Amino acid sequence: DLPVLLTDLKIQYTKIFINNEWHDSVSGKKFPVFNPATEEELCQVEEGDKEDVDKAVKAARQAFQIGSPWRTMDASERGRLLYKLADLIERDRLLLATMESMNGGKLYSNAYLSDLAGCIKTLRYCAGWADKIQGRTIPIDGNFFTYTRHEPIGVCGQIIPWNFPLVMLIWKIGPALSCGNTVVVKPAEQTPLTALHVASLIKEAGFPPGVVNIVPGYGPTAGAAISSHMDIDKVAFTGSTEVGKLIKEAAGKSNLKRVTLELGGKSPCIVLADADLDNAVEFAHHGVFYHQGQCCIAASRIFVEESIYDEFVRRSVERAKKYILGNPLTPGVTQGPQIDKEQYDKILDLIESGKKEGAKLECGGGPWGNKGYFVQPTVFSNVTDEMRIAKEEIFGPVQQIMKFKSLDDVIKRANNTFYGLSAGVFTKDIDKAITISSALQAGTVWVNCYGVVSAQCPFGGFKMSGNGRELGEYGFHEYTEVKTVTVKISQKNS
């Protein structure tokens, strides 16, 4: 069931959201926001800078003060507000999916059926945790009563990427709010719009002012302001590994603010000779090509055992030749554009290395169309490990297919990277499935599938693919700060 918006979308919310009201920028500057499919300007949005981040942090800090409505309300009521926010996003699902598609260059079918469904489900999941965050009573040595409080940390700075704007917004704000924090969100310069609509719904839902503040703008200005701020308690960032290093560095320099990072990858799949071949081809395909390759988990190195390698490449290539490029809003279209020029160039530049360094181009390998940042879906076979396309995150519709014959060696090759976000193992053998997934240095390991993400399980990177986890029970720990309270008593009893 794929319903659509009957009237044309109008952009309404374009301002900095602080204390549940709409603010002009302190400078009074604004910045344009584009459709990546047409290269046309959609609207202008107020440009937040350091001065605006400062207003946002003061609002967050006041909303966090002992005795405030957000600190004193029942945990169950924090949950209620979150479930209300989810109902409102559900009510505005058509509007949000359309805006997400138009601004993000994201296929509308996927925006509506996956992105918005995952947004609503993740919020509902997080709402349920709010009054289930618990500390401990602890049988300490000596005559003492010891308990712990898993408090909110405080003001959390949250920097959101452009590839899944709504999903990433909710992955940040859901847990942070469930645990009782206040937030200053900086959506991506490319994709501020859907977040600003969500902010209007945060107001409608009745969150106390200052609990969520959204400051659109650029990364080197507003993002740097967040990462170096002396009164932000924690920064959460999803994006490139390069920028992640700057975030962590700045946190260290400033006020030792807590850090979680969800970064890029060069995620490997290992396809054994006994694998269901079609299932492995289909999931490895979608594993690399989903959302024009603009997923941190992109299955960008597919190692296939020699005896099934040729047949894997053949079947893969024919699956890649089935796409229909164009406007993601038009039904039947199955591949939209890349987000912007910067990304578009890096993709094409990396495609050229594949050719020059001697990979076998099976299909694609150039641009498409008169407008929009479109790249033909590209498959390279006979890829080797020291090639640029096997080392660097492409973030584009570019599949690398490698051969192996030794399992020990292909595991070393899979692990031979500074990345470690995710990986895939395709086999019918129980022992292989368990032992290989244990040996892979990856945060999520999928077995006979790929790209299966859900609110109930933790998600994040090994190595330079991240610090910490988001979602699941485990991810909620990083939005709490633990206080131990130890009380002298005359005599304890067990």
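Residue positions are given as counts along the sequence shown, with the first one as 1. Rigid core (definition): largest C-alpha set, two forms, superposition within 1.5 Å.
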Positional deviation of Cα atoms in 5 other deposited structures of this protein after core superposition, greater for 128-136 or 241-249
241-249
Hey, which bit's got the bigger mean C-alpha B factor in the entry, 274-282 or 167-175?
274-282
Can you let me know which of the two, 467-475 or 17-25, has the higher average C-alpha B-factor in the entry?
17-25
In the PDB entry, which of 242, 204, 141, 262 has its C-alpha at the highest B-factor?
242
Given 118, 219, 79, 209, the residue at which the Cα B factor reaches its maximum
219
Tell me, lowest, middle or highest third: where does the Cα B factor of residue 323 rank within its chain?
highest
Should residue 37 be placed in the lowest, middle or highest third of its chain by the C-alpha B factor in the entry?
highest
Going by the entry, which third of its chain does the Cα temperature factor of residue 43 land in?
highest
Among modelled residues of the same chain, the CA temperature factor third for residue 86
lowest
Could you look up the Cα B-factor of residue 380 in the entry and say which third of the chain it sits in: lowest, middle or highest?
highest
